[PDB]
Structure formats: C-alpha cells, structure tokens
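Worth knowing before you read on, the calculation uses all heavy atoms, side chains too, and leaves out hydrogens, waters and symmetry mates. Quick note on labels: first sequence line is chain A, next is B, and so on, each numbered from 1.
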Amino acid sequence: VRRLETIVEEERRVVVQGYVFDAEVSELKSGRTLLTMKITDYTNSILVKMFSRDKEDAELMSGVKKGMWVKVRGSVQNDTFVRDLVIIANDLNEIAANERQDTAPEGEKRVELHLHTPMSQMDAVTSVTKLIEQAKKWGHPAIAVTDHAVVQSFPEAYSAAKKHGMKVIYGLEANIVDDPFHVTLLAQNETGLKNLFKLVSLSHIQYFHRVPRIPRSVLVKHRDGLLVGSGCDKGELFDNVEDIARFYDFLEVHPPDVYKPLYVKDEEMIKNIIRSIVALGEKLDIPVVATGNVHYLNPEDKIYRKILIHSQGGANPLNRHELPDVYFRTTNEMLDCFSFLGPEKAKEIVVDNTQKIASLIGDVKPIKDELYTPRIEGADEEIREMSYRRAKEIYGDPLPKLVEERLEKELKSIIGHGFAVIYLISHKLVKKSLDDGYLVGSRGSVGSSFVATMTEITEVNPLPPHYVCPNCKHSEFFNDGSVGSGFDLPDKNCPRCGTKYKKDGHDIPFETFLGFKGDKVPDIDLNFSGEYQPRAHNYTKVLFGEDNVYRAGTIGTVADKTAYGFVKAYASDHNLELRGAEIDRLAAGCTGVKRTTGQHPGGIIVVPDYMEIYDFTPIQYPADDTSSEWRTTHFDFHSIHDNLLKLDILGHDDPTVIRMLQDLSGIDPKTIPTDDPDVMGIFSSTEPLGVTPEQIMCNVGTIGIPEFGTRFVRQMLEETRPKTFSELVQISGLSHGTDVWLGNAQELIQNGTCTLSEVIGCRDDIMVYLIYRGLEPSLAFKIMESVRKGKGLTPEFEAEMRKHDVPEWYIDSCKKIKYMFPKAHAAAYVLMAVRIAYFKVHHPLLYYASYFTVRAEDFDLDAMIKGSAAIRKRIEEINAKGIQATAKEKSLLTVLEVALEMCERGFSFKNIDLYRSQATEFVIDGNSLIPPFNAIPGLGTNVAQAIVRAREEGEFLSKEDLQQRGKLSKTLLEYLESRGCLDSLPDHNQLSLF
DNA sequence: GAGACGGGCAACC
DNA sequence: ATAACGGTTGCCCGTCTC
Ligand SMILES: Nc1nc2c(ncn2[C@H]2C[C@H](O)[C@@H](COP(=O)(O)OP(=O)(O)OP(=O)(O)O)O2)c(=O)[nH]1
Ligand SMILES: [Mg+2]
Ligand SMILES: [Mg+2]
Ligand SMILES: [Mg+2]
Ligand SMILES: [Zn+2]
C-alpha cells in the first residue's frame, strides 16, 4: 500500500488509498462507462480512471461520491490528454475513513479551550463546523471558539452547535496593551457575550492602532461574564511574577511540541517552564489547563496554512521559521504529551480542569431568534393616511371595492408585522432624491405591494390590469386573467368624461412580499443613481439618528481563483512540479479562509431605539479604515437576516441613464408609452433602427438595452419574439437565473409540453398556480420561496403537488430553477428598459451619448474614430477568442458592439479635442460624439477634471502650459500629441509673465 | 514612497 | 461558434510616473 507522494513514474502495478474529493461518470461510444475520480491520501493526490466491463460495475461507478474513502489497485500511466501520470484502476473498494479515534473513557474526556477557525485572518484552515463535529465524535463535552481579535465564526458555530448537539464556548483571543500581548476570553453568559461584542467593537474603532487592541483597563471595565486566560507564548506571563498571574481565572500551557520555535536552550527548558506554571497555578489555587491552540483538524492539514502564510512575503514574519504542530489533539494523545508531569497532573490539567472551566460556562445564544422592529411616532397612522389619500385621488371616493380591500388587507399586515416605519423612511428617501434632481428606479419584491405604490416607493402598480381616468377617476378592471398587464391594453377613452384613459396593473399578489403568516422578513429595495447613492445613505443617519443605522459589513474570503493563485506561487517558489489533481486539492483546502473585510453594496441595517447594536453584533470599520464615514456590522447581513430590518439602498446606472436622457431631450420619461410599436419592435427586430442584421452583426435591436442587450438574451429574443409589455416581463424572468431557460423552460416549449406563457417565468406564478390547483396558500408560498432560492422541493412539497394534480413536468421544472425574480422586479426593470428603448429609437445620439457617458468604461478610441470597419475588425478579434476571452475583453466587446451600431445608424466619433472635449461626458456635436478626456487610457476622472478646470481659467498657451496646468504625465501628453491634438500649439512659450 | 489608475477578484442584489 | 443570468459596489495590489 503506497503513499501517493511515492508515486513518481509509470509503473505496472500499485495499491493506493484516499479520499475522493471529486468523481464524475461518463459514457463511451462503445457502451462502456468511464469513472473519473481525484483522490488524496493527504501526502499527495492523483487522478484515477476506471473503465466498466459490465453494466453492474457501471452503475456502482455512479455510486462513488465525494466524501468516500477508497482503496484502488491499478497501473500508473502517463495520460497525454491530462499531461500527468494517472492510475488506471482494475480494482476499487470503499473503505472506512478510520480517522483519529479518542480512546479515553466516556465521562473522562478533554475540552479544548483555545481554538482558531478560518475567520482568524489567513491563519487557520478547518471550518468551525468540522471542528465541532470532530469534538462531538470524540465525545468532548464542549469546545471553545477563540479566534484572533474577532468573533466572526460565532453564527456558524451556533448553527453547528444546534445541528450537532454540541456545547460551544464563545470566546476571543484578544490583544491587550497596558495602560502588546494575547489573552483568552471565554463568555460565561449573555453579559459576557455582550461584553465580547463591545470589546471587539472598541478594539476596532476607538483603540485600533495598526491592529485591533484592548487597553487592560478597558478589559476590566468589560470583564463581567468573561473567564480570562493567560495562554500563548505571546502571553503576558509565559514571556518571563505572581501578580501578573493572579489576574487570570485560568493558566494556559501548550503541548511541549507547540513551543518548538526556539529564546530557549532545549526541550528540557520548555518542559520545565510548563512546570513552573504548573507550580504557580497550584500555589495560587488557579486552574492550570492544557490547551492546544488549534489552527486545523489534522496533523497533515498543516500544509494549507503554510501555503496561506507564505503568500504574505516578509510582511508576515512567521515565515521566519517552521510552523508548530497545532492540530486538534485527542484527550488520550494530550495525556501522552503531558505524561512527564505524571499520571495525576496529566489527568488533572487535561481533563478535570479543562472540564471544570467548561462547567463554569452557561448556555449562550450568540444570535437572536426574533425580528426587532423600529418605532417612530406617527408612522403606522401616517402610512395609512398617505396610502388612502393618494389612492382616492387616483381611484376616487369612495374607492372601488377592489382597491378598498387591497388597502385594508395590505395595511394591517405591514403595520402588524412592524414594517410601517421603513415604508415611510423609504418614502422620504425617494422624495429627497427627486427633490435633489435624481429619479429613483424600482426594484425587488416591494413592487408586490399596492400600499408601496401609493406611498411612492415603487412605480409598479400590482393591482389587476385596468383603465383609470386621470380626470374623472372612473375605472375598469379585468379579472378575466385573460390580460397580463394593463400596459398591454389598447388606448381607450373614458366613456364618461371623454378623456384619454391611463393604463396600469400587473396583477401581483401582495404575499410575494410578506407571505401569509408575516413570518418572513423582506427588505425594501431601491435603485438610486450611483452618483447619488452616498447621499441617500447619509439621509438615513438624519432620519434614524447616527447610532441607529449601520452599513452592513462583509467578510472577504479566499475563493477558487485566489486559492489556485496562492498554490501555484507556493509551488513555483519551492520548485515543486505538482500534478493537476494535487494542485486542485491544495486549492480546495485554502478556500473559505478570511482575508479581508468590506462593505455590503448598499444595505443599511436599522436598529430599533429600544435595543442596541450590541444586542445583535459588534461593529467596526470596513477594511479597518479609521477615516470611513460609516461603521460596519462585524457579522454580515446574512447572519442577522432575521433580526433587524434592512434598507437596500443600491446604486445602479439605469436611473442615471434615463436622468441624462431627460436632462437632454426635456422629455418627461413618465410620459413615454409602453406599447409604441417601433420601440417594442426592437425586442424582436433591427427594422426600427434603420439598419440590417448584417450591418450590426445582430438579429434583434436590443444592443445596449439593460439586461436584454446581452448575447444570451438576444438569442432568447430571437426565438421568443416578444411584442408586449407582459411578454417582455415573462422573458425578463426567464433570462435571469441558472437552469430557468436552458435545459428547462426552453425544452418544455420546444417539446410542446407547454406554451411560452405557461412556462415558469416569475416566482409569483408558482404560488398563484399552486393555490389555483387547490394547495393551502401559505404552503404554496413556502414552495414558491424554496424554488426561487434554488432549494428545490422536499418530499412533502412534491406529495402536496401530486395530490392536487400538479403534473410531473411542472414539479420537475421547479426542481431545476436555481434562482428566480419576483414579477414586480421584472416589471420594474422592463419599464426602465422600455423608457430607454424609446430614446434608442427616436433620439439615437442622445441614447449613445448617455450610453458611453454612464455605462462604458472600456474603449478602443482609435478603432471607434476610424469607424465602422475598424470597430468590426476589433470585435472579430475578440469574437475569435471565444470564451477564452478575459472579463476585460468582454467589457470592451460589449461597448464596441454599441459603437458599431452607432456608426451604421449614420453617426460617428471625433478625436479628443482640446477645447470641446469634456471631463467625463460624451458630448453631442452635429452627428458625432466628442469623447471626453477620461476615455483616454491612463487618464482618470481627476486629471480629466483638472484639464477642464485649467482651460476654463485660461486657454493653454503651449504644450508645456497644458502639461503643467493640466497635470499631465509625459505619456498622456504624447497620447494627445501623436493624434494631432496639440498641433495648433507651440511646444513652449518664449515669454512668461505673472 | 506617495499616489492615481486599472485589472482581478469577492460579495451581494 | 459553443453555452450562456445581469448588474452593481467595494478592497487589494502591481505598475507606471514624478
Ligand atoms: N439578475 C439577478 N437579480 C437579482 C439577484 N438577486 C436579487 N436580484 C434583484 C432581483 C430581486 O428582486 C432584487 C433582489 O432583492 P432582494 O435580495 O431584496 O430579494 P427580493 O426583493 O427579490 O425578495 P425579498 O422579499 O427581499 O426577500 O434584486 C440575482 O441573483 N440575479
Ligand atoms: Mg496566541
Ligand atoms: Mg492562539
Ligand atoms: Mg428585496
Ligand atoms: Zn373620465
């Protein structure tokens, strides 16, 4: 039985063992099945191939899964397609993982009091969930979590404590400075837990130096509910009398091996230092505990950490020397390590005292169960009058029954579950943005709420389709279900006052937002312009008070691309030539480790005034930047999703684009029609653009249109040809999410199994259909919510579906969908698409200026200026690279597509112009666009803005004058000069005056 | 060596 | 061409310049 590190060349025959971390099965022309696995015994890894000789072995092959251990016998061959040695297996047997066993007797087990998770930035490697499982299996009565300076593993630890029935001790390894050394904090109770949250907050904010730290006095202030430990070799006492020590409730000592970095003479000195501490805890009646300082599960997991640390260069200084063995140690093996102090002391400090400390810890719940909802005087009642007054002024007094009932039902739910405040705050945020000159785009599931329509938090009106007279208030509603959206109606006059009817209503059920029980916590989503987002953000400090809102924080972890990067460099720097399969496994062992912190892209977390942020999470600065305008949550929004309401104040280009489209045409985009035949025609043809498909390398007219302009969506449009608002809404829905169209709805339509309109194209339809079919609404809602998060179906859901005659293809279709819009989102985004489309057709140059000004960031200006044929040449170059195209080539391709179409429509791009070019805005001149300075590679907004500033306060008098005052590098100056831009100026002036 | 700038990446809606 | 979810903010780090 050969270890995988010993497999180095072709070889007739070997037997080998290992963990299967990947397995795929495929079918050969011959009939035969091939099994392709990767295995690692943790000394190395290898790719294994097996070719079935019969259908029995073929199906067994299908049963080999990740997580299995396997003994394989076979030959070692160079495989030239994989460019690596590989095992061709004749024989395969599943085996036991037979991992480290804990042999002490039940009741007499160890507790680990000092342990690091992947949240110990770039320092630890095994998820807290796996450590917690291991402790449970080894029968440890508890296990502690004590990451460095942070408590970010708490939420996962909790979950795993619950799933596994393990008692977790919530802690912190902290940096204490005297008023810089490590201590261990263990929370005994909720007072202790809250003090932990305060300590991490203070250490990250008031007391952050170059690293989070806690003055000893501030620790004492916040010591209640915490047992304090001395600990490490970076401990206070280990680095040396009794005074220091009497400060601690427990005294830490690590296995002798752990201190092997040696500051010391030999192993006999360390053994004795440990023995001083043993004398010293006994003399002072302080429990001495054998803790492990865990940084990974098993001895061999060491390698992953070694790789992470190595990625930090001489900036780390732990690369100065070999890393200590700090794996999770069994209780019997912890005794072995401490055998020298004899059988009684071994046993005392490894199990009795370790166990005793655990007994001093209660049952702490680090994350709460319920939602805490804000109160602001007048809010419930103001939302009521706002919505009734506004509905009356549109639908009349008294209200039609339909409207009356939607209001009464909606308002008692919003109010009762405590959402009236955020509706109102959302109203003021939108109103201020408008007053400040920035329109706001609608988003997400609040469009499902007519009260939200009435409070001007969404432009989506969810009532059934209908006409309403803007003058006399008369209405007609259609509940036939025959009409998809009011926007689909034919123009019609009020048969009472004569006037032109308004059309509206997308038939969206309120429950998509709050559900039936009101036991779901949605947010409110708003698309503000990216320019304005920060100001919307700051307005929430004014509304709620500076200390009752916090920007949601994020944790930056190592994902695949970074892991593979780290592993290769480590391989390279060490002159290792590794097999693909071994690079993969080292890669996989690095993922999940925290590397940074950051900012949610827009969520503001609201704290009720009768609670405090520390009831929920610590706070800090994103990336630890002490000049940040905003503090962040220490936990990410996902951990506290159900505890506090969130305002998703997002940034987006759509609102900015149509704002500039309006500031340029004078056209009020609210007046744009949603059934203009030429505008709607671009969703299925190039006709309305006045160019050929061959001219613009595209069969539909949606180039540049948000969402619909993509290569995938264009193709869907080619084959679905929508003409109607609700048809566009249907395809918005099926174009967003994996396994929604491809392999699913597409096959269903091409099969004849259902029609385009019957395919599942928003989450709402699932619910609405299941109710129709006879399921209990709240269950239909549950099922909708499960599938739109790509969680598929439970046996109970399927059985409820079947028993009400839901067909097998619909159920199977639910199981595919990985993600899915709510209708109100699709309708919001489509409405914006159509507004912009209107300009694409009727005011083309305005459309292009706004496109290149607001959205584009990657240009080939020389190509663009030469024009049509040159642009096409570049696009073909990028097309040729296929999916081997870099993210950046794709961004360029996207913009060149719209430039080529611009050119074919008869327009063009002029060179940079010293006196007519602007800073960041593409400006209109006749039938052209004069590109702005920031379009130049290397020339950013700043220089762009300076160049414009300087010329406004005095023309340029030489190329030198332009360089000095325009703040231009030599390279940028050459860029202009070589394209003829500076030809009218002398190189320098022979005169200068003040 | 301080600081724009852009690429590459991760988190999130 | 293939297959294909689209679009946004934010953080780190190597490069190029002065
Ligand atoms: N294309 C795409 N859009 C998304 C995705 N996730 C969210 N969005 C868009 C569509 C959603 O309606 C909105 C997401 O906002 P939320 O995360 O607040 O969810 P939503 O409002 O749909 O449900 P909620 O009631 O808030 O739980 O933004 C996604 O994975 N892909
Ligand atoms: Mg330490
Ligand atoms: Mg430690
Ligand atoms: Mg939402
Ligand atoms: Zn009328």
Please confirm whether the shortest side-chain N or O distance from [X] to OP1 or OP2 of [N] is below 4.0 Å.
{"X": "A:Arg443", "N": "C:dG6", "value": "no"}
{"X": "A:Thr710", "N": "C:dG6", "value": "yes"}
{"X": "A:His652", "N": "C:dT8", "value": "yes"}
{"X": "A:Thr557", "N": "B:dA11", "value": "yes"}
{"X": "A:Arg551", "N": "C:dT9", "value": "no"}
{"X": "A:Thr971", "N": "C:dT17", "value": "yes"}

Whole-Å gap separating [atom2] ([N]) and [atom1] ([X]):
{"X": "A:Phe566", "N": "B:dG8", "atom1": "CZ", "atom2": "P", "value": "16 Å"}
{"X": "A:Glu719", "N": "C:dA3", "atom1": "CD", "atom2": "P", "value": "13 Å"}
{"X": "A:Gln964", "N": "C:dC18", "atom1": "CD", "atom2": "P", "value": "11 Å"}
{"X": "A:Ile731", "N": "C:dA4", "atom1": "CD1", "atom2": "P", "value": "17 Å"}
{"X": "A:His736", "N": "C:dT8", "atom1": "NE2", "atom2": "P", "value": "11 Å"}
{"X": "A:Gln884", "N": "C:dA4", "atom1": "CD", "atom2": "P", "value": "17 Å"}

Would A:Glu897 and A:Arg872 pass as an ion pair if we require N to O under 4.0 Å?
no
Do NZ/NE/NH1/NH2 and the carboxylate oxygens of A:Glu877 and A:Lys873 come within less than 4.0 Å?
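The answer is yes: the pair qualifies as a salt bridge.
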Closest nucleotide among [options] to the [X] side chain:
{"X": "A:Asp653", "options": "C:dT8, C:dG7, C:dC12", "result": "C:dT8"}
{"X": "A:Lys888", "options": "B:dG7, B:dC5, B:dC9", "result": "B:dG7"}
{"X": "A:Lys561", "options": "C:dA4, B:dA10, C:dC13", "result": "B:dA10"}
{"X": "A:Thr554", "options": "B:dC12, C:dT8, C:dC13", "result": "B:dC12"}
{"X": "A:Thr562", "options": "C:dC12, B:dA10, B:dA11", "result": "B:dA10"}
{"X": "A:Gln599", "options": "C:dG10, C:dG7, C:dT17", "result": "C:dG10"}

Base, sugar-phosphate or nothing for [X]? Non-hydrogen atoms, less than 4.0 Å.
{"X": "A:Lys818", "result": "nothing"}
{"X": "A:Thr886", "result": "nothing"}
{"X": "A:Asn527", "result": "nothing"}
{"X": "A:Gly530", "result": "sugar-phosphate"}
{"X": "A:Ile883", "result": "base"}
{"X": "A:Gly651", "result": "sugar-phosphate"}

Given side chain to side chain donor-acceptor pair (under 3.5 Å), test A:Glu156 with A:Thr129 step by step and report yes or no.
CA-CA 7 Å; A:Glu156 190 187 333; A:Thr129 300; 2.5 Å; yes
Residues that A:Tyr570 engages under ring pair (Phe, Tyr, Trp, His ring centres under 6.0 Å), provided they are two or more places apart
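Checked A:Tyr570 against ring pair (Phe, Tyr, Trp, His ring centres under 6.0 Å); matches are A:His310, A:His574.
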Quote, to the nearest angstrom, the P distance that separates C:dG6 from C:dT2.
15 Å
A:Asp739: which of A:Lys816, A:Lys818, A:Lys815 passes salt bridge (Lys or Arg N to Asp or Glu O under 4.0 Å)
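Per the salt bridge (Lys or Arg N to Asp or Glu O under 4.0 Å) rule, the option paired with A:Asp739 is A:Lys818, out of A:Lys816, A:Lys818, A:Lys815.
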Hey, could you give me the OH/OG1 distance between A:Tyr304 and A:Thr591, rounded to the nearest 0.5 Å?
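The OH atom of A:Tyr304 sits 10.0 Å away from the OG1 atom of A:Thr591.
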